[PDB]
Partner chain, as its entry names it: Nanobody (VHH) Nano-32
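What follows is one chain in structure tokens, specifically the form deposited without its partner chain.
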């Protein structure tokens, strides 16, 4: 079965690490951090890795039940919630995943909405929703143990023992104390514990090459900043690769970024077996190109192939 990519343009793609549209292509050659995100991880022959699952609605989502309001040193009203798998089944910590699929894969204060639909009940359940923040760096962020903590501005109107959904919206803050670092993984089982079953780190191996990211700008609840989330492949590529399961005929696919209005190749890239892109670029920042561009699979090459400079 021949390898293929979706023919979706950049303006028709969404981020695999946060529910956002892809805004720009982006490089940062001098990135010192180890790049090892856990969402949007999929091999070219369709093997999902890390915490990656298929739903755009599942990315950085949680499902579970509030247990109790809890004390926390930090501002706001805090709540413990047990988390299940996103499909409602119990999370089994013995499964070989880092955390429930969909769990956020970066450090920061993730802003969103907690909503509840009560179990009990014209035989219709009571509901409530409020803004909420999940600090993924918190010692109480233990999704691998089956529970996390969120904070609200709302002081009271959150119910214990009721089905609870977290819908992510953005970040609460990117100030110094909010610890936003998109390449720092949460400690999924809590402070001082080793993460396990991780998707592997990614890096360029060839000289002059750097990672190419699909970048989205993420909303902020307040403060100054223009934060972004970089994913290795968009969610639609994850969905496509997963379904096709085409054999990878080498370690590296040659892809061309093409303008379909002109038919011209804007640049070429290496699409690696583990599911990430590299380019021959010597600068950091956005790739300035029309958002009607798309990557076209041209052929299987090898690690020794030299890319045309961008």
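Only residues modelled in both forms are compared. We call the rigid core the largest set of C-alpha positions that still match within 1.5 Å between the two forms. Numbering follows the first chain given and starts at 1.
Form solved in complex with its partner chain: not shown, discussed below.
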{"query": "Contact of residue 193 with its partner chain in the entry with it bound (heavy atom, 4.5 Å)", "finding": "no"}
{"query": "Any non-hydrogen atom of residue 84 within 4.5 angstroms of its partner chain in the entry with it bound", "finding": "yes"}
{"query": "Contact label in the entry with it bound: residue 121 to its partner chain, heavy atom within 4.5 Å", "finding": "yes"}
{"query": "Any non-hydrogen atom of residue 71 within 4.5 angstroms of its partner chain in the entry with it bound", "finding": "no"}
{"query": "Contacts with its partner chain in the entry with it bound, stretch 69 to 99 (heavy atom within 4.5 Å)", "finding": "84, 87, 88, 89, 90, 91, 92, 93, 94"}
{"query": "Rigid core superposition between the shown form and the other one: residue from 30, 262, 57, 245 with Cα shift of 2 Å or more", "finding": "262"}
{"query": "Consecutive stretches, 3 or more residues long, displaced between the shown form and the other one (C-alpha shift of at least 2 Å once the core is aligned)", "finding": "261 to 263"}
